[PDB]
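A.B. asks: Handing over target-v2.cif, mmCIF, C-alpha atoms.
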data_structure
loop_
_atom_site.label_atom_id
_atom_site.label_comp_id
_atom_site.auth_asym_id
_atom_site.auth_seq_id
_atom_site.Cartn_x
_atom_site.Cartn_y
_atom_site.Cartn_z
CA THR A 2 25.79 22.54 -15.86
CA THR A 3 26.78 18.88 -15.46
CA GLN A 4 26.85 16.38 -18.30
CA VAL A 5 23.54 14.62 -18.97
CA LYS A 6 22.81 12.13 -16.18
CA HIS A 7 20.30 9.27 -16.11
CA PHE A 8 17.82 8.07 -13.51
CA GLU A 9 15.66 4.95 -13.69
CA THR A 10 13.76 2.67 -11.31
CA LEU A 11 10.65 0.51 -11.10
CA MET A 12 8.04 2.23 -8.96
CA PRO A 13 6.66 0.96 -5.61
CA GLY A 14 2.94 0.69 -4.86
CA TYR A 15 0.24 3.33 -4.24
CA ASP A 16 1.34 3.71 -0.64
CA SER A 17 4.93 4.74 -1.36
CA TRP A 18 7.15 7.49 -2.72
CA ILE A 19 10.61 7.69 -4.19
CA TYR A 20 12.75 10.71 -3.21
CA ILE A 21 15.50 11.71 -5.64
CA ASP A 22 18.62 13.71 -4.86
CA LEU A 23 19.36 15.14 -8.30
CA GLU A 24 22.91 16.13 -7.32
CA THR A 25 24.01 12.59 -6.38
CA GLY A 26 21.55 10.60 -8.50
CA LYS A 27 20.64 8.59 -5.38
CA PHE A 28 17.10 7.90 -4.20
CA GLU A 29 15.26 6.60 -1.14
CA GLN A 30 11.88 4.86 -0.93
CA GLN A 31 9.39 5.79 1.81
CA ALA A 32 5.65 5.29 2.53
CA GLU A 33 3.18 8.16 2.43
CA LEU A 34 3.16 9.20 6.07
CA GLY A 35 0.07 11.43 6.08
CA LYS A 36 -3.27 10.63 7.69
CA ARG A 37 -5.61 8.64 5.46
CA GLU A 38 -9.33 9.05 4.78
CA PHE A 39 -11.25 6.10 3.36
CA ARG A 40 -13.83 7.54 1.01
CA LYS A 41 -16.88 5.76 -0.44
CA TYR A 42 -17.99 7.33 -3.73
CA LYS A 43 -21.67 7.46 -4.74
CA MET A 45 -19.72 7.04 -10.05
CA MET A 46 -16.66 9.27 -10.67
CA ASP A 47 -18.54 12.02 -8.84
CA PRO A 48 -16.62 14.08 -6.19
CA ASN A 49 -19.47 13.30 -3.76
CA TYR A 50 -18.45 10.80 -1.08
CA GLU A 51 -18.99 9.65 2.51
CA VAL A 52 -16.08 9.10 4.91
CA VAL A 53 -16.09 5.45 6.02
CA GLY A 54 -12.73 5.23 7.81
CA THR A 55 -9.50 6.90 8.90
CA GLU A 56 -5.99 5.87 9.81
CA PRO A 57 -3.75 8.36 11.68
CA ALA A 58 -0.51 9.66 10.15
CA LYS A 59 2.48 7.35 10.57
CA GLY A 60 4.94 10.28 10.62
CA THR A 61 5.56 13.92 9.70
CA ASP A 62 7.67 15.92 7.23
CA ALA A 63 10.49 15.64 9.79
CA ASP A 64 10.67 11.94 8.86
CA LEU A 65 11.23 12.66 5.13
CA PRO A 66 14.61 11.64 3.58
CA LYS A 67 17.33 14.13 4.31
CA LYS A 68 18.44 15.08 0.81
CA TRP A 69 15.99 15.16 -2.09
CA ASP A 70 14.90 17.55 -4.86
CA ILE A 71 11.95 15.80 -6.53
CA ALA A 72 9.69 12.88 -5.59
CA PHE A 73 7.32 10.49 -7.34
CA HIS A 74 4.23 8.57 -6.25
CA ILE A 75 3.07 6.41 -9.16
CA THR A 76 2.92 9.31 -11.65
CA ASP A 77 2.30 12.14 -9.17
CA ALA A 78 5.23 14.55 -8.69
CA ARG A 79 6.37 16.74 -5.80
CA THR A 80 9.37 19.04 -5.40
CA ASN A 81 11.42 20.04 -2.37
CA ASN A 82 10.66 23.77 -2.46
CA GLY A 83 10.87 23.98 -6.28
CA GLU A 84 9.13 25.73 -9.18
CA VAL A 85 8.56 23.98 -12.51
CA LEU A 86 8.08 25.09 -16.12
CA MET A 87 7.39 22.64 -18.94
CA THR A 88 9.45 24.26 -21.72
CA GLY A 89 8.94 23.91 -25.48
CA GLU A 90 12.40 22.33 -25.92
CA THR A 91 12.50 18.58 -26.56
CA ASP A 92 16.26 18.15 -27.02
CA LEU A 93 18.14 18.13 -23.72
CA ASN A 94 21.40 18.73 -25.60
CA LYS A 95 20.07 21.99 -27.00
CA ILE A 96 19.62 23.63 -23.58
CA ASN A 97 21.99 24.39 -20.68
CA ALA A 98 20.24 27.10 -18.68
CA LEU A 99 16.70 27.73 -17.42
CA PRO A 100 14.62 30.05 -19.67
CA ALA A 101 12.28 32.77 -18.42
CA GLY A 102 8.59 31.90 -18.10
CA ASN A 103 5.81 30.97 -15.68
CA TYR A 104 7.23 28.60 -13.08
CA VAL A 105 4.70 26.61 -11.02
CA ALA A 106 5.01 25.94 -7.26
CA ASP A 107 3.66 22.85 -5.46
CA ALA A 108 0.03 23.15 -4.33
CA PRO A 109 -2.29 21.09 -2.02
CA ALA A 110 -3.55 17.88 -3.65
CA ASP A 111 -4.96 14.49 -2.65
CA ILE A 112 -3.20 11.30 -3.75
CA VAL A 113 -4.45 7.71 -3.83
CA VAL A 114 -2.63 5.59 -1.22
CA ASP A 115 -4.91 2.51 -1.20
CA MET A 116 -6.98 1.27 -4.12
CA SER A 117 -7.60 -2.28 -2.90
CA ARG A 118 -11.27 -1.66 -2.04
CA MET A 119 -12.18 0.31 -5.16
CA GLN A 120 -13.52 -2.70 -7.10
CA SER A 121 -15.21 -4.36 -4.14
CA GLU A 122 -16.76 -1.28 -2.50
CA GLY A 123 -15.98 1.87 -4.51
CA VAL A 124 -13.76 3.02 -1.62
CA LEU A 125 -10.38 4.75 -1.87
CA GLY A 126 -7.77 5.65 0.73
CA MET A 127 -6.77 9.26 0.02
CA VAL A 128 -4.10 11.46 1.63
CA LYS A 129 -3.96 15.26 1.47
CA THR A 130 -0.42 16.23 0.46
CA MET A 131 1.43 18.61 -1.91
CA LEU A 132 1.95 17.99 -5.64
CA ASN A 133 3.50 19.99 -8.46
CA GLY A 134 0.90 20.32 -11.22
CA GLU A 135 3.37 21.26 -13.97
CA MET A 136 5.83 18.43 -13.41
CA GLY A 137 2.74 16.18 -13.24
CA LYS A 138 2.43 16.76 -17.00
CA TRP A 139 5.40 14.45 -17.67
CA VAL A 140 2.77 11.87 -18.63
CA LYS A 141 -0.33 12.85 -20.60
CA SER A 142 -3.51 10.83 -20.22
CA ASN A 143 -4.81 9.35 -23.46
CA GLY A 144 -8.14 9.00 -21.58
CA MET A 145 -9.03 6.60 -18.73
CA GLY A 146 -8.51 2.88 -19.20
CA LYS A 147 -5.62 3.57 -21.57
CA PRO A 148 -1.80 3.64 -21.16
CA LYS A 149 -0.57 7.20 -20.63
CA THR A 150 2.14 8.72 -22.85
CA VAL A 151 5.42 10.21 -21.66
CA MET A 152 5.83 13.79 -22.89
CA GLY A 153 9.10 14.71 -24.58
CA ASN A 154 9.39 18.26 -23.25
CA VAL A 155 12.32 19.36 -21.12
CA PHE A 156 11.09 20.47 -17.70
CA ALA A 157 12.93 23.36 -16.01
CA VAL A 158 13.13 23.33 -12.17
CA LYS A 159 14.33 26.21 -9.92
CA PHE A 160 14.94 25.44 -6.23
CA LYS A 161 14.80 27.92 -3.31
CA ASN A 162 18.36 26.83 -2.46
CA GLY A 163 19.57 28.13 -5.82
CA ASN A 164 20.17 24.81 -7.57
CA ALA A 165 18.32 24.05 -10.78
CA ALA A 166 17.69 21.18 -13.20
CA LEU A 167 16.62 20.39 -16.75
CA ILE A 168 14.78 17.07 -17.01
CA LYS A 169 13.52 15.04 -19.96
CA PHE A 170 11.37 11.99 -19.14
CA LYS A 171 11.97 8.67 -20.94
CA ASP A 172 9.61 5.94 -19.63
CA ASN A 173 6.65 5.38 -17.26
CA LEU A 174 6.61 1.59 -17.73
CA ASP A 175 9.07 -1.32 -17.65
CA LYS A 176 10.01 -3.38 -20.72
CA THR A 177 6.92 -5.63 -20.39
CA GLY A 178 4.66 -2.56 -20.26
CA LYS A 179 2.94 -4.06 -17.19
CA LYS A 180 4.88 -2.47 -14.29
CA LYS A 181 5.08 1.26 -13.44
CA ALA A 182 8.43 3.07 -13.59
CA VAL A 183 10.05 6.52 -13.63
CA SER A 184 12.96 7.09 -16.04
CA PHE A 185 14.54 10.38 -17.21
CA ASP A 186 17.70 12.16 -18.31
CA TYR A 187 18.73 15.43 -16.71
CA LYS A 188 21.31 18.13 -16.23
CA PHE A 189 22.00 19.45 -12.74
CA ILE A 190 22.91 23.12 -12.30
CA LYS A 191 24.61 23.72 -8.96
CA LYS A 192 24.22 27.18 -7.41
CA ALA A 193 27.47 28.94 -8.30
#
Re-express the file's structure as structure tokens.
C.D. replies:
Amino acid sequence: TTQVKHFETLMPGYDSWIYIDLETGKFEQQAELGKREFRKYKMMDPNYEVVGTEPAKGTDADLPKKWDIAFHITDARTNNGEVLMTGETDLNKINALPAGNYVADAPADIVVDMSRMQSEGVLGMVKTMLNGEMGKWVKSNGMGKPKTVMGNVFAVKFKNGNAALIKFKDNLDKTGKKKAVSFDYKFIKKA
């Protein structure tokens, strides 16, 4: 288990991801590459008509070479990882992954384009993979309200045998106007 490391960055827009290599602390930015569906919604109902499509601009082969976890706004994805939101809130009081119910990534739609939501009630959506558990790093206070960063340490097991313990710090910049992802973490290299 490494010392505690830190990661922080201001987030890009709805059409982009950051990909974090937890081992090196480095990240790369990249657009969502998946095919898009423009959906017109009849009032927060899941009933919609398809009004447009743009083809995919790439495939998973185009993804950055080395990454463990990834963020799109507040959505989270792992590179073949399983996540458990533990009950621990002090990252200094934990140095190994506990037993429990670890959650794999599952199919999910993300919002890639929200520019025509006000004018038309249309959203560009892409079908991708998200990790539902890690997604809990921010808790909604209800719509139209700033979310709150949860204090819990998240445990992450990777297929490759590495692991991490992550505690989120911030989802906004200092002004509180711009999105961000900030956390402290310990990396546990497969021995």
A.B. asks: Go through A:148, A:83, A:137, A:153 and flag the residue nearest residue 186 in chain A, using all atoms listed in the file for the distances.
C.D. replies: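 Going through A:148, A:83, A:137, A:153 one by one, the smallest distance to residue 186 in chain A is for A:153.
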A.B. asks: So what do you get for CA of residue 101 in chain A versus CA of residue 156 in chain A, distance-wise?
C.D. replies: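 Pair CA of residue 101 in chain A / CA of residue 156 in chain A returns 12.4 Å.
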A.B. asks: Compare A:86, A:119, A:75, A:114 by their minimum atom-to-atom distance to residue 10 in chain A, counting all atoms listed in the file, and give me the closest one.
C.D. replies: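 Between A:86, A:119, A:75, A:114, the residue approaching residue 10 in chain A most closely is A:75.
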A.B. asks: Run the PyMOL selection byres ((chain A and resi 96) around 12) on the file and write out the hits as an MDAnalysis selection string.
C.D. replies: chainID A and resid 2:5 88:95 97:100 154:157 166:169 187:190
A.B. asks: Determine the nearest neighbour of residue 141 in chain A from the options A:120, A:184, A:76, A:162, counting only C-alpha atoms.
C.D. replies: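 Closest to residue 141 in chain A, using only C-alpha atoms: A:76.
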A.B. asks: Can you translate the PyMOL selection byres ((chain A and resi 82) around 9) into the concrete residues it hits in this file, as a PyMOL selection string?
C.D. replies: chain A and resi 70+79-81+83-84+106-107+159-162
A.B. asks: Please produce a file of the residues just selected, as a compact mmCIF listing (two decimals), in the frame of the given file, where the atoms kept are C-alpha atoms.
C.D. replies:
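Here's the written file out-v4.txt:
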# COMPACT_ATOMS: atom_id res chain seq x y z
CA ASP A 70 14.90 17.55 -4.86
CA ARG A 79 6.37 16.74 -5.80
CA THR A 80 9.37 19.04 -5.40
CA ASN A 81 11.42 20.04 -2.37
CA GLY A 83 10.87 23.98 -6.28
CA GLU A 84 9.13 25.73 -9.18
CA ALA A 106 5.01 25.94 -7.26
CA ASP A 107 3.66 22.85 -5.46
CA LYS A 159 14.33 26.21 -9.92
CA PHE A 160 14.94 25.44 -6.23
CA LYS A 161 14.80 27.92 -3.31
CA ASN A 162 18.36 26.83 -2.46
A.B. asks: Rounded to one decimal in Å, what is the spacing between CA of residue 78 in chain A and CA of residue 151 in chain A?
C.D. replies: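 These atoms are spaced 13.7 Å apart.
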A.B. asks: How would you write, as number ranges by chain, the residues chosen by the PyMOL selection byres ((chain A and resi 130) around 7) on this structure?
C.D. replies: A: 109-111, 128-129, 131-132
A.B. asks: For each of A:158, A:124, A:63, A:145, take the minimum atom-to-atom distance to residue 102 in chain A, counting all atoms listed in the file, then give the residue where this is smallest.
C.D. replies: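 Smallest distance to residue 102 in chain A is found for A:158.
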A.B. asks: Write out as a PyMOL selection string the residues lying within 9 Å of range 29-45 of chain A, counting all atoms listed in the file and excluding same-chain residues fewer than 3 positions away.
C.D. replies: chain A and resi 13+15-22+48-62+64-66+69+74+114-115+119+122-130
A.B. asks: So that I can check the surroundings of residue 183 in chain A, please list as a ChimeraX atom specification every protein, DNA and RNA residue that reaches within 9 Å of it, counting all atoms listed in the file and ignoring chain neighbours fewer than 2 positions away.
C.D. replies: /A:8-12,73,75-76,170-175,181,185
A.B. asks: Rounded to one decimal in Å, what is the spacing between CA of residue 150 in chain A and CA of residue 118 in chain A?
C.D. replies: 26.8 Å
